[PDB]
$ cat query13.cif   # mmCIF, C-alpha atoms and all ligand atoms
data_upload
loop_
_atom_site.label_atom_id
_atom_site.label_comp_id
_atom_site.auth_asym_id
_atom_site.auth_seq_id
_atom_site.Cartn_x
_atom_site.Cartn_y
_atom_site.Cartn_z
CA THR A 17 99.49 21.97 24.79
CA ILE A 18 97.01 19.07 24.75
CA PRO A 19 98.42 15.56 25.29
CA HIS A 20 97.74 13.03 22.54
CA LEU A 21 97.09 9.44 23.58
CA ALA A 22 96.73 6.24 21.57
CA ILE A 23 94.40 4.59 24.12
CA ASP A 24 91.32 3.14 22.43
CA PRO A 25 88.47 3.37 24.98
CA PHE A 26 86.29 1.21 22.71
CA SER A 27 88.73 -1.71 22.48
CA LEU A 28 88.11 -5.07 24.12
CA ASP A 29 91.32 -4.73 26.14
CA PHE A 30 90.02 -1.46 27.58
CA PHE A 31 86.61 -2.97 28.37
CA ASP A 32 88.25 -5.95 30.07
CA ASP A 33 89.99 -3.63 32.54
CA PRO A 34 89.41 0.11 32.03
CA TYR A 35 90.59 1.44 35.36
CA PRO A 36 94.37 1.73 34.78
CA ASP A 37 93.80 3.45 31.42
CA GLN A 38 91.19 5.75 32.99
CA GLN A 39 93.82 6.87 35.51
CA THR A 40 96.24 7.45 32.63
CA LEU A 41 93.57 9.57 30.90
CA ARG A 42 92.88 11.57 34.07
CA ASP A 43 96.51 12.14 34.96
CA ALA A 44 97.57 13.16 31.44
CA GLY A 45 95.64 16.42 31.84
CA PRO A 46 92.15 17.88 32.13
CA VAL A 47 91.64 17.61 28.35
CA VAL A 48 93.24 14.94 26.15
CA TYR A 49 93.15 14.21 22.43
CA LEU A 50 92.46 10.59 21.41
CA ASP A 51 94.37 10.05 18.17
CA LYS A 52 92.62 6.74 17.46
CA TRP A 53 89.27 8.42 16.83
CA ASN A 54 90.13 12.15 16.43
CA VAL A 55 88.10 13.28 19.45
CA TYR A 56 88.78 15.22 22.61
CA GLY A 57 88.42 13.42 25.92
CA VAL A 58 87.68 14.49 29.48
CA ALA A 59 88.09 11.89 32.22
CA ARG A 60 88.20 13.89 35.48
CA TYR A 61 85.06 14.67 37.47
CA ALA A 62 85.46 18.45 37.15
CA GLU A 63 85.54 18.64 33.34
CA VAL A 64 82.92 15.92 32.83
CA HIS A 65 80.55 17.80 35.16
CA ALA A 66 81.33 21.10 33.41
CA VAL A 67 80.67 19.64 29.95
CA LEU A 68 77.40 17.99 31.03
CA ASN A 69 76.18 21.31 32.47
CA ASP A 70 76.93 23.46 29.41
CA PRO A 71 74.50 22.10 26.79
CA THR A 72 74.66 25.29 24.72
CA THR A 73 78.38 24.86 24.02
CA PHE A 74 78.46 21.04 24.25
CA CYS A 75 75.33 20.09 22.38
CA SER A 76 73.54 16.76 21.97
CA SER A 77 71.64 17.32 18.70
CA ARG A 78 74.69 16.40 16.59
CA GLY A 79 74.68 13.01 18.31
CA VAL A 80 75.93 11.73 21.65
CA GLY A 81 77.89 9.01 19.87
CA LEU A 82 81.03 9.34 17.76
CA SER A 83 79.09 10.15 14.60
CA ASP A 84 78.36 13.83 13.95
CA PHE A 85 74.85 14.13 12.50
CA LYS A 86 75.97 17.24 10.60
CA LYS A 87 78.42 14.99 8.68
CA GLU A 88 76.82 11.51 8.60
CA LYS A 89 73.31 10.13 8.55
CA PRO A 90 72.06 8.86 11.94
CA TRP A 91 71.59 5.10 12.03
CA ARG A 92 67.95 5.61 13.19
CA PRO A 93 65.81 8.76 13.43
CA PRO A 94 67.36 10.75 16.29
CA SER A 95 65.83 10.55 19.74
CA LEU A 96 63.51 13.48 20.46
CA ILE A 97 64.98 13.82 23.96
CA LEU A 98 68.51 12.36 24.15
CA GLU A 99 69.58 13.86 20.81
CA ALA A 100 67.76 17.19 21.08
CA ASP A 101 68.93 20.46 22.64
CA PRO A 102 66.88 23.11 24.42
CA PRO A 103 64.35 24.39 23.49
CA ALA A 104 63.22 21.41 21.36
CA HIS A 105 64.29 19.12 24.22
CA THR A 106 62.19 20.85 26.83
CA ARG A 107 58.61 19.75 26.29
CA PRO A 108 59.36 16.09 25.37
CA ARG A 109 61.53 16.00 28.50
CA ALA A 110 58.61 17.32 30.55
CA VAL A 111 56.33 14.57 29.22
CA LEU A 112 58.78 11.80 30.13
CA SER A 113 59.38 13.47 33.51
CA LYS A 114 55.67 13.34 34.29
CA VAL A 115 55.20 9.83 32.90
CA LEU A 116 58.06 8.56 35.11
CA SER A 117 57.31 10.93 37.98
CA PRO A 118 57.37 10.56 41.75
CA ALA A 119 53.59 10.15 41.63
CA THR A 120 53.89 7.34 39.09
CA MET A 121 56.37 5.54 41.35
CA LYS A 122 53.72 5.29 44.09
CA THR A 123 51.43 3.44 41.67
CA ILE A 124 54.04 0.77 40.84
CA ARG A 125 56.11 0.36 44.01
CA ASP A 126 54.06 -2.34 45.76
CA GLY A 127 54.06 -4.52 42.65
CA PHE A 128 57.73 -3.96 41.90
CA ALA A 129 58.64 -4.87 45.49
CA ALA A 130 56.47 -7.99 45.59
CA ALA A 131 58.05 -9.17 42.33
CA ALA A 132 61.52 -8.62 43.78
CA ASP A 133 60.68 -10.58 46.93
CA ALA A 134 59.15 -13.34 44.81
CA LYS A 135 62.23 -13.54 42.56
CA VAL A 136 64.62 -13.88 45.48
CA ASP A 137 62.34 -16.53 47.03
CA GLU A 138 62.46 -18.43 43.73
CA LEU A 139 66.24 -18.10 43.44
CA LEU A 140 66.78 -19.29 47.02
CA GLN A 141 65.00 -22.54 46.14
CA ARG A 142 67.57 -23.08 43.36
CA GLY A 143 70.56 -22.08 45.48
CA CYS A 144 73.14 -21.84 42.68
CA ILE A 145 72.04 -19.38 39.98
CA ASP A 146 73.44 -17.04 37.34
CA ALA A 147 73.04 -13.58 38.88
CA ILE A 148 72.84 -12.03 35.40
CA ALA A 149 70.35 -14.20 33.47
CA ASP A 150 68.40 -15.35 36.52
CA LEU A 151 68.35 -12.11 38.54
CA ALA A 152 69.74 -8.94 36.95
CA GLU A 153 67.96 -9.75 33.67
CA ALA A 154 64.99 -11.78 34.95
CA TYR A 155 63.77 -9.26 37.52
CA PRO A 156 63.61 -6.10 35.32
CA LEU A 157 62.08 -8.24 32.55
CA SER A 158 59.40 -9.33 35.03
CA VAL A 159 58.29 -5.76 35.89
CA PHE A 160 59.34 -3.17 33.31
CA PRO A 161 57.77 -4.53 30.07
CA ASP A 162 54.45 -4.90 31.92
CA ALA A 163 54.75 -1.37 33.34
CA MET A 164 55.39 -0.16 29.76
CA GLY A 165 52.19 -1.88 28.63
CA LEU A 166 53.94 -4.18 26.13
CA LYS A 167 52.33 -7.37 24.88
CA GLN A 168 54.01 -10.65 25.79
CA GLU A 169 55.11 -11.66 22.29
CA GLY A 170 58.41 -10.30 21.02
CA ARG A 171 59.90 -9.21 24.35
CA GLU A 172 63.04 -11.18 23.45
CA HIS A 173 63.89 -8.23 21.16
CA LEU A 174 64.18 -5.71 24.00
CA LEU A 175 67.64 -6.46 25.34
CA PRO A 176 69.11 -7.06 21.84
CA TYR A 177 67.70 -3.73 20.67
CA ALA A 178 69.19 -1.92 23.68
CA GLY A 179 72.58 -3.52 23.08
CA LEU A 180 72.42 -2.35 19.47
CA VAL A 181 71.67 1.21 20.61
CA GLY A 182 74.62 1.13 23.00
CA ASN A 183 76.98 -0.24 20.37
CA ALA A 184 75.77 2.27 17.78
CA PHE A 185 76.93 5.22 19.91
CA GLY A 186 80.44 3.85 19.50
CA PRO A 187 82.97 4.27 16.73
CA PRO A 188 82.71 2.18 13.54
CA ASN A 189 84.45 -0.87 15.02
CA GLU A 190 83.43 -4.53 14.75
CA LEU A 191 81.04 -4.30 17.72
CA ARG A 192 79.13 -1.50 15.99
CA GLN A 193 79.24 -2.99 12.48
CA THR A 194 77.95 -6.37 13.64
CA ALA A 195 75.22 -4.82 15.80
CA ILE A 196 73.87 -2.82 12.87
CA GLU A 197 74.11 -5.85 10.56
CA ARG A 198 71.85 -7.82 12.92
CA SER A 199 69.51 -4.96 13.77
CA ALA A 200 66.58 -5.32 11.37
CA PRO A 201 64.28 -7.68 13.36
CA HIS A 202 64.88 -5.82 16.63
CA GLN A 203 64.20 -2.39 15.11
CA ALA A 204 61.04 -3.66 13.42
CA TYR A 205 59.63 -5.01 16.68
CA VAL A 206 60.51 -1.90 18.70
CA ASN A 207 59.16 0.58 16.16
CA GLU A 208 55.87 -1.33 15.90
CA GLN A 209 55.32 -1.45 19.68
CA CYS A 210 55.59 2.36 19.79
CA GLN A 211 52.22 2.78 18.06
CA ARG A 212 49.33 3.67 20.36
CA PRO A 213 47.12 0.57 19.71
CA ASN A 214 49.93 -1.77 20.82
CA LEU A 215 50.34 -0.23 24.30
CA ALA A 216 48.14 -1.44 27.14
CA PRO A 217 45.96 1.05 29.06
CA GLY A 218 47.56 2.75 32.05
CA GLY A 219 51.17 1.82 31.23
CA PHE A 220 54.07 4.11 30.44
CA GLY A 221 53.57 3.90 26.68
CA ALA A 222 49.87 4.71 26.81
CA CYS A 223 50.55 7.61 29.17
CA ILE A 224 53.05 9.09 26.70
CA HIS A 225 50.39 8.94 23.98
CA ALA A 226 47.86 10.49 26.35
CA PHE A 227 50.14 13.53 26.68
CA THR A 228 49.76 14.26 22.96
CA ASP A 229 46.82 16.64 23.56
CA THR A 230 48.42 19.07 26.04
CA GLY A 231 50.54 20.90 23.47
CA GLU A 232 53.76 19.43 24.85
CA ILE A 233 54.10 16.78 22.12
CA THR A 234 52.12 16.01 19.00
CA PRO A 235 50.65 12.59 18.18
CA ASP A 236 53.44 12.00 15.63
CA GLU A 237 56.08 12.59 18.34
CA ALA A 238 54.73 9.99 20.78
CA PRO A 239 56.03 6.85 18.97
CA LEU A 240 59.61 8.13 19.14
CA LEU A 241 59.25 9.01 22.84
CA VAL A 242 57.98 5.50 23.54
CA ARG A 243 61.02 4.36 21.56
CA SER A 244 63.24 6.17 24.08
CA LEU A 245 61.85 4.07 26.92
CA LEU A 246 62.22 0.86 24.90
CA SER A 247 65.83 1.88 24.16
CA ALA A 248 66.91 2.89 27.65
CA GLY A 249 64.41 1.30 30.04
CA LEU A 250 66.13 -2.06 30.68
CA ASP A 251 69.78 -2.71 29.88
CA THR A 252 71.38 -0.20 32.24
CA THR A 253 69.09 -1.38 35.05
CA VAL A 254 70.11 -4.98 34.34
CA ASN A 255 73.76 -3.94 34.41
CA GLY A 256 73.34 -1.86 37.57
CA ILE A 257 71.62 -4.67 39.47
CA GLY A 258 74.24 -7.16 38.26
CA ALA A 259 76.96 -4.75 39.36
CA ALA A 260 75.37 -4.45 42.81
CA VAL A 261 75.22 -8.21 43.24
CA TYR A 262 78.84 -8.46 42.03
CA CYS A 263 79.87 -5.83 44.55
CA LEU A 264 78.02 -7.60 47.39
CA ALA A 265 79.68 -10.90 46.42
CA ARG A 266 83.14 -9.28 46.21
CA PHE A 267 82.82 -7.13 49.36
CA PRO A 268 81.10 -9.46 51.86
CA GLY A 269 81.59 -6.91 54.63
CA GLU A 270 79.21 -4.62 52.77
CA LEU A 271 76.64 -7.41 52.39
CA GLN A 272 76.88 -7.84 56.16
CA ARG A 273 76.22 -4.14 56.73
CA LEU A 274 73.34 -4.22 54.26
CA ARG A 275 71.79 -7.24 56.02
CA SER A 276 72.04 -5.41 59.33
CA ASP A 277 70.22 -2.33 57.99
CA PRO A 278 68.09 -3.09 54.91
CA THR A 279 67.17 0.60 54.65
CA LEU A 280 70.66 1.02 53.16
CA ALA A 281 69.30 -0.75 50.05
CA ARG A 282 68.69 2.39 47.96
CA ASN A 283 72.14 3.84 48.64
CA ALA A 284 73.80 0.44 48.12
CA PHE A 285 72.34 0.48 44.61
CA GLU A 286 73.34 4.10 44.03
CA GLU A 287 76.89 3.26 45.08
CA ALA A 288 76.91 0.34 42.63
CA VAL A 289 75.92 2.77 39.86
CA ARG A 290 78.84 5.03 40.82
CA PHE A 291 81.27 2.12 41.21
CA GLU A 292 80.45 0.11 38.06
CA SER A 293 78.84 2.86 35.96
CA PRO A 294 76.55 1.05 33.51
CA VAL A 295 76.90 3.93 31.04
CA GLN A 296 80.65 4.46 30.71
CA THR A 297 80.74 7.19 28.06
CA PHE A 298 78.73 9.70 26.09
CA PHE A 299 79.80 12.33 23.55
CA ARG A 300 78.94 15.98 23.01
CA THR A 301 79.70 18.20 20.01
CA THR A 302 81.02 21.74 20.36
CA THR A 303 78.85 24.46 18.84
CA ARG A 304 81.56 27.15 19.13
CA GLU A 305 85.19 27.57 20.02
CA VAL A 306 85.47 26.99 23.76
CA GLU A 307 88.17 27.05 26.41
CA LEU A 308 87.91 23.99 28.65
CA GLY A 309 90.45 23.11 31.33
CA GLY A 310 92.99 25.48 29.81
CA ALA A 311 92.45 23.97 26.34
CA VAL A 312 90.97 25.67 23.27
CA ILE A 313 88.57 23.39 21.39
CA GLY A 314 87.23 24.42 18.00
CA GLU A 315 83.66 24.36 16.79
CA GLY A 316 82.27 21.08 15.53
CA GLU A 317 84.51 18.82 17.63
CA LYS A 318 83.45 15.64 19.41
CA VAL A 319 84.13 15.54 23.15
CA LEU A 320 84.08 12.13 24.87
CA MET A 321 83.01 12.16 28.53
CA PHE A 322 84.28 9.30 30.71
CA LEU A 323 81.43 9.04 33.24
CA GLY A 324 82.85 5.93 34.91
CA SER A 325 86.23 7.62 35.26
CA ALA A 326 84.64 10.76 36.72
CA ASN A 327 82.90 8.50 39.26
CA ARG A 328 86.32 7.14 40.35
CA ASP A 329 88.34 10.38 40.19
CA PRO A 330 90.28 10.69 43.49
CA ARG A 331 90.15 14.48 43.04
CA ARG A 332 86.44 14.18 43.87
CA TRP A 333 86.02 10.89 45.79
CA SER A 334 87.70 9.49 48.88
CA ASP A 335 88.89 5.92 48.24
CA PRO A 336 87.07 5.87 44.87
CA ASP A 337 87.92 2.23 44.19
CA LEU A 338 86.11 1.02 47.34
CA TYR A 339 82.47 -0.10 47.28
CA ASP A 340 80.95 1.66 50.32
CA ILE A 341 77.20 1.42 50.86
CA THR A 342 77.14 4.40 53.26
CA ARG A 343 79.12 6.67 50.91
CA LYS A 344 77.60 10.07 50.23
CA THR A 345 76.91 9.33 46.56
CA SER A 346 75.24 12.66 45.71
CA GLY A 347 76.88 14.23 42.70
CA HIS A 348 78.07 11.12 40.90
CA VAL A 349 77.48 11.27 37.14
CA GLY A 350 76.37 7.69 36.46
CA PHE A 351 72.94 9.12 35.55
CA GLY A 352 74.46 12.20 33.90
CA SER A 353 74.01 15.74 35.19
CA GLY A 354 72.00 18.78 34.16
CA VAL A 355 69.22 19.04 31.60
CA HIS A 356 69.59 15.48 30.22
CA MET A 357 70.12 13.80 33.59
CA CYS A 358 68.44 10.39 33.37
CA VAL A 359 64.68 10.99 33.23
CA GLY A 360 64.13 7.35 34.19
CA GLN A 361 66.33 7.41 37.29
CA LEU A 362 63.39 6.91 39.67
CA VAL A 363 62.41 3.69 37.86
CA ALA A 364 65.97 2.35 37.95
CA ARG A 365 66.39 3.27 41.61
CA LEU A 366 63.03 1.69 42.51
CA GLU A 367 64.02 -1.61 40.89
CA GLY A 368 67.52 -1.58 42.37
CA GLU A 369 66.27 -0.62 45.84
CA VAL A 370 63.58 -3.28 46.10
CA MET A 371 65.83 -6.03 44.73
CA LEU A 372 68.64 -5.13 47.13
CA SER A 373 66.08 -4.94 49.96
CA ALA A 374 64.87 -8.47 49.22
CA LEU A 375 68.47 -9.71 49.20
CA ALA A 376 69.18 -7.85 52.45
CA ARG A 377 66.23 -9.50 54.19
CA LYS A 378 66.44 -13.01 52.71
CA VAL A 379 70.08 -13.85 51.90
CA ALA A 380 72.93 -14.50 54.33
CA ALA A 381 75.74 -15.01 51.81
CA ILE A 382 76.49 -14.52 48.11
CA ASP A 383 79.51 -16.51 46.90
CA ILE A 384 80.82 -16.55 43.35
CA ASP A 385 81.00 -20.22 42.39
CA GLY A 386 81.84 -20.13 38.68
CA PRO A 387 83.68 -18.18 35.98
CA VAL A 388 82.61 -14.54 35.74
CA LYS A 389 82.15 -13.39 32.14
CA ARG A 390 82.10 -9.79 30.90
CA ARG A 391 79.60 -8.40 28.39
CA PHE A 392 81.25 -6.09 25.86
CA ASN A 393 79.45 -3.01 24.51
CA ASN A 394 80.80 0.24 23.07
CA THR A 395 78.81 2.24 25.65
CA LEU A 396 77.71 -0.08 28.48
CA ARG A 397 79.74 -1.80 31.17
CA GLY A 398 78.27 -4.98 32.62
CA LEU A 399 78.55 -8.72 33.06
CA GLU A 400 77.45 -11.58 30.83
CA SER A 401 77.44 -14.28 33.53
CA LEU A 402 77.82 -14.17 37.32
CA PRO A 403 77.49 -17.66 38.84
CA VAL A 404 76.69 -17.35 42.54
CA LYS A 405 75.49 -19.51 45.39
CA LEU A 406 72.85 -17.80 47.53
CA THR A 407 72.71 -18.91 51.16
CA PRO A 408 69.36 -18.17 52.86
CA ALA A 409 69.20 -16.15 56.06
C1 LIG A 501 70.97 2.30 36.32
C2 LIG A 501 70.19 2.55 35.26
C3 LIG A 501 70.41 3.76 34.33
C4 LIG A 501 71.54 4.43 34.07
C5 LIG A 501 72.96 4.20 34.61
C6 LIG A 501 71.23 5.49 33.13
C7 LIG A 501 72.11 6.41 32.63
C8 LIG A 501 71.74 7.54 31.92
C9 LIG A 501 72.59 8.67 31.58
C10 LIG A 501 74.09 8.80 31.92
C11 LIG A 501 71.86 9.56 30.90
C12 LIG A 501 72.38 10.92 30.38
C13 LIG A 501 72.56 10.98 28.86
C14 LIG A 501 73.25 12.25 28.42
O1 LIG A 501 73.58 13.12 29.26
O2 LIG A 501 73.45 12.40 27.18
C15 LIG A 501 70.50 9.04 30.80
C16 LIG A 501 69.44 9.64 30.17
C17 LIG A 501 68.22 9.05 29.89
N1 LIG A 501 67.74 7.88 30.44
FE1 LIG A 501 68.76 6.72 31.78
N2 LIG A 501 69.88 5.43 32.84
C18 LIG A 501 69.34 4.38 33.56
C19 LIG A 501 68.04 3.98 33.57
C20 LIG A 501 67.05 4.45 32.75
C21 LIG A 501 65.68 3.98 32.75
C22 LIG A 501 65.16 2.85 33.66
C23 LIG A 501 65.03 4.69 31.80
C24 LIG A 501 63.55 4.63 31.36
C25 LIG A 501 62.57 4.11 32.10
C26 LIG A 501 65.96 5.63 31.22
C27 LIG A 501 65.68 6.56 30.23
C28 LIG A 501 66.49 7.63 29.91
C29 LIG A 501 66.20 8.69 28.97
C30 LIG A 501 64.91 8.79 28.14
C31 LIG A 501 67.23 9.54 28.96
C32 LIG A 501 67.34 10.83 28.12
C33 LIG A 501 66.99 12.01 29.03
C34 LIG A 501 67.24 13.34 28.35
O3 LIG A 501 67.96 13.38 27.32
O4 LIG A 501 66.71 14.38 28.86
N3 LIG A 501 67.17 5.47 31.83
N4 LIG A 501 70.48 7.80 31.43
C1 LIG A 502 71.21 6.80 28.28
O1 LIG A 502 70.83 5.84 27.33
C2 LIG A 502 69.82 6.26 26.47
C3 LIG A 502 68.99 7.32 26.82
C4 LIG A 502 67.99 7.71 25.95
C5 LIG A 502 67.83 7.04 24.74
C6 LIG A 502 66.75 7.46 23.75
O2 LIG A 502 66.55 6.75 22.75
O3 LIG A 502 66.12 8.53 23.95
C7 LIG A 502 68.66 5.99 24.39
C8 LIG A 502 69.65 5.60 25.27
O4 LIG A 502 70.50 4.54 24.92
#

$ encode --input "query13.cif" --output "structure tokens" --more "lines below"
Ligand code: HEM
Ligand SMILES: COc1ccc(C(=O)O)cc1O
Amino acid sequence: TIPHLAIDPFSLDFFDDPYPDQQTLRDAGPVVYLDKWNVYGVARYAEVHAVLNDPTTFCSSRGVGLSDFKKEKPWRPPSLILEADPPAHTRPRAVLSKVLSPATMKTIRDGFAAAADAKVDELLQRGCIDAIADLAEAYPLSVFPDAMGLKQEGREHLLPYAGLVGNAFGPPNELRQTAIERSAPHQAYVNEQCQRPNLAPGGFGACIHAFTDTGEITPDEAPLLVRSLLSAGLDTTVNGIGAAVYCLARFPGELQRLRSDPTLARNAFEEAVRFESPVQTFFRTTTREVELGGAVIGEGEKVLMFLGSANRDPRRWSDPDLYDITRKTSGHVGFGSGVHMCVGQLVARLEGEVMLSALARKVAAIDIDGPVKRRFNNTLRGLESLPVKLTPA
């Protein structure tokens, strides 16, 4: 009743070009079985959205990677938010929601925008730059570690630690094995910066620790919640900004529309998140037998959600494979959906918006002028190198 496929969604060939295989996964049926890894898969928008929005049946506390924490030991102490279910999820979620709240965004927006304008000014003096290292990486690194309250020393561990986290959600392939082999210095830095004395006053980390006296989290929970922001607070933003620049370089007509109305900047970034979904996949684990898309799935089964595929499902999107900066993007699942929907989405959108706004106002053309290189990760989609020439407006 359920089609069995041999597609490996964590193979380098898949990463290099996932879109044909994602169509094969969608068109095979609403629920597939992936024989390579012994997991169920859902690749259409409808089932991915349904799974995300049923946390009782499709839980997160047994891991949102391949590994089932009821069977294997987690590679690090589980996240108190990403790998918790309601009700244990609820109060830590509330703390991060308030720390990264609409009101917090007002306190950081002027500085984030000035830093974006300054970065584009700097890059326009160089002309030919690497839009990953020099822009997608450099700009979030210039604003987010400071907003966290991190010291200057050791920041080189942040992106390697995040890549390790992304690879560790995957199956036990070479990407995951090698990440864990190299992990010790990055984990040691990150865990140490989570302690209250190492977080500068007024930043995100200090604000998490300040919430330890409301009854929502205890002092011993705050280091792990800081760890969540050091895990997730950079690499997907890097990849999303790089994807947006890639899209503007590939679809010059959309750069021209963006230049003509810079207030499209926020939606241009949101469309880039839909189009080149920085988080491609997450897992859930069934807590009971469940019927999903006409399929019966037993208890204790891993279900792989293809978020990038759901964001390109023609059953939900018109011309899904077009980058359209005026698309109604509401409802895409690049940030998830439901109770775990990205608690840092306002930070990511702020960074993406103000960077795309600075490009819209300052740059006339973005031309790829070198070999584009892909960055491979079991969970993240993004580029390693994006050589571009920036022409000033
Ligand atoms: C474009 C950038 C980003 C993308 C594409 C993204 C993607 C996602 C997705 C898909 C989830 C859902 C996980 C699930 O359902 O299991 C999520 C959750 C989360 N994200 Fe983001 N994220 C981004 C930026 C950020 C930033 C900037 C931060 C921190 C400042 C952050 C922190 C978190 C946390 C803590 C969670 C867990 C929330 C929960 O479990 O309730 N993310 N993200
Ligand atoms: C969506 O990506 C993530 C979200 C949350 C965490 C966490 O450690 O809580 C880690 C991640 O890699």

$ closest_atom_pairs --input "query13.cif" --of "chain A" --to "ligand LIG 501 (chain A)" --cutoff "6 Å" --atoms "all atoms listed in the file" --output "tab-separated table"
residue	atom	partner	partner_atom	distance
A:97	CA	A:LIG501	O3	4.5
A:98	CA	A:LIG501	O3	3.4
A:109	CA	A:LIG501	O4	5.4
A:244	CA	A:LIG501	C30	5.1
A:245	CA	A:LIG501	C24	4.8
A:248	CA	A:LIG501	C26	4.6
A:249	CA	A:LIG501	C24	3.7
A:250	CA	A:LIG501	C22	5.8
A:252	CA	A:LIG501	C2	4.3
A:253	CA	A:LIG501	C2	4.1
A:256	CA	A:LIG501	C1	4.9
A:294	CA	A:LIG501	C5	4.9
A:295	CA	A:LIG501	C5	5.3
A:350	CA	A:LIG501	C10	5.2
A:351	CA	A:LIG501	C10	3.8
A:352	CA	A:LIG501	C10	4.0
A:355	CA	A:LIG501	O4	6.0
A:356	CA	A:LIG501	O4	3.4
A:357	CA	A:LIG501	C12	4.9
A:358	CA	A:LIG501	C16	3.4
A:359	CA	A:LIG501	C33	4.9
A:360	CA	A:LIG501	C23	3.7
A:361	CA	A:LIG501	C19	5.3
A:363	CA	A:LIG501	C22	5.1
A:364	CA	A:LIG501	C22	4.4

$ axis_aligned_box --input "query13.cif" --around "ligand LIG 502 (chain A)" --padding-each-side "5 Å" --output "AutoDock Vina command-line options"
--center_x 68.7 --center_y 6.5 --center_z 25.5 --size_x 15.1 --size_y 14.0 --size_z 15.5

$ atom_distance --input "query13.cif" --atom1 "atom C7 of ligand LIG 502 (chain A)" --atom2 "atom CA of residue A:283"
24.6 Å

$ atom_distance --input "query13.cif" --atom1 "atom CA of residue A:92" --atom2 "atom CA of residue A:177"
12.0 Å

$ residues_around --input "query13.cif" --residues "residue A:395" --least-positions-apart "2" --cutoff "6 Å" --atoms "all atoms listed in the file" --output "list in words"
residues 182, 295, 296, 297 and 393 of chain A

$ closest_residue --input "query13.cif" --among "A:376, A:115, A:319, A:184" --to "ligand LIG 502 (chain A)" --atoms "all atoms listed in the file"
A:184

$ closest_residue --input "query13.cif" --among "A:83, A:64, A:49, A:33" --to "residue A:312" --atoms "only C-alpha atoms"
A:49

$ residues_around --input "query13.cif" --residues "residue A:202" --least-positions-apart "4" --cutoff "12 Å" --atoms "all atoms listed in the file" --output "list in words"
residues 170, 171, 172, 173, 174, 175, 176, 177, 178, 179, 180, 181, 195, 196, 197, 198, 206, 207, 208, 209, 243, 246 and 247 of chain A

$ atom_distance --input "query13.cif" --atom1 "atom CA of residue A:104" --atom2 "atom CA of residue A:322"
26.0 Å

$ closest_residue --input "query13.cif" --among "A:241, A:28, A:402, A:112" --to "ligand LIG 502 (chain A)" --atoms "all atoms listed in the file"
A:241

$ residues_around --input "query13.cif" --residues "residue A:155" --least-positions-apart "4" --cutoff "12 Å" --atoms "all atoms listed in the file" --output "PyMOL selection string"
chain A and resi 127-136+138-139+147-151+159-162+250-251+253-255+257-258+364+367-368+370-372+374

$ write_last_selection --input "query13.cif" --atoms "C-alpha atoms" --output "PDB file, in the frame of the given file"
ATOM      1  CA  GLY A 127      54.060  -4.520  42.650  1.00  0.00           C
ATOM      2  CA  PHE A 128      57.730  -3.960  41.900  1.00  0.00           C
ATOM      3  CA  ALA A 129      58.640  -4.870  45.490  1.00  0.00           C
ATOM      4  CA  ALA A 130      56.470  -7.990  45.590  1.00  0.00           C
ATOM      5  CA  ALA A 131      58.050  -9.170  42.330  1.00  0.00           C
ATOM      6  CA  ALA A 132      61.520  -8.620  43.780  1.00  0.00           C
ATOM      7  CA  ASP A 133      60.680 -10.580  46.930  1.00  0.00           C
ATOM      8  CA  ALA A 134      59.150 -13.340  44.810  1.00  0.00           C
ATOM      9  CA  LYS A 135      62.230 -13.540  42.560  1.00  0.00           C
ATOM     10  CA  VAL A 136      64.620 -13.880  45.480  1.00  0.00           C
ATOM     11  CA  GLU A 138      62.460 -18.430  43.730  1.00  0.00           C
ATOM     12  CA  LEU A 139      66.240 -18.100  43.440  1.00  0.00           C
ATOM     13  CA  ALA A 147      73.040 -13.580  38.880  1.00  0.00           C
ATOM     14  CA  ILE A 148      72.840 -12.030  35.400  1.00  0.00           C
ATOM     15  CA  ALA A 149      70.350 -14.200  33.470  1.00  0.00           C
ATOM     16  CA  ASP A 150      68.400 -15.350  36.520  1.00  0.00           C
ATOM     17  CA  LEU A 151      68.350 -12.110  38.540  1.00  0.00           C
ATOM     18  CA  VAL A 159      58.290  -5.760  35.890  1.00  0.00           C
ATOM     19  CA  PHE A 160      59.340  -3.170  33.310  1.00  0.00           C
ATOM     20  CA  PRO A 161      57.770  -4.530  30.070  1.00  0.00           C
ATOM     21  CA  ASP A 162      54.450  -4.900  31.920  1.00  0.00           C
ATOM     22  CA  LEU A 250      66.130  -2.060  30.680  1.00  0.00           C
ATOM     23  CA  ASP A 251      69.780  -2.710  29.880  1.00  0.00           C
ATOM     24  CA  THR A 253      69.090  -1.380  35.050  1.00  0.00           C
ATOM     25  CA  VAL A 254      70.110  -4.980  34.340  1.00  0.00           C
ATOM     26  CA  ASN A 255      73.760  -3.940  34.410  1.00  0.00           C
ATOM     27  CA  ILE A 257      71.620  -4.670  39.470  1.00  0.00           C
ATOM     28  CA  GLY A 258      74.240  -7.160  38.260  1.00  0.00           C
ATOM     29  CA  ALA A 364      65.970   2.350  37.950  1.00  0.00           C
ATOM     30  CA  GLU A 367      64.020  -1.610  40.890  1.00  0.00           C
ATOM     31  CA  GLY A 368      67.520  -1.580  42.370  1.00  0.00           C
ATOM     32  CA  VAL A 370      63.580  -3.280  46.100  1.00  0.00           C
ATOM     33  CA  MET A 371      65.830  -6.030  44.730  1.00  0.00           C
ATOM     34  CA  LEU A 372      68.640  -5.130  47.130  1.00  0.00           C
ATOM     35  CA  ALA A 374      64.870  -8.470  49.220  1.00  0.00           C
TER      36      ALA A 374
END

$ residues_around --input "query13.cif" --residues "residue A:219" --least-positions-apart "4" --cutoff "12 Å" --atoms "only C-alpha atoms" --output "list in words"
residues 115, 116, 120, 121, 123, 124, 159, 160, 161, 162, 163, 164, 165, 166, 167, 212, 214, 215, 223, 224, 225, 226, 242 and 245 of chain A
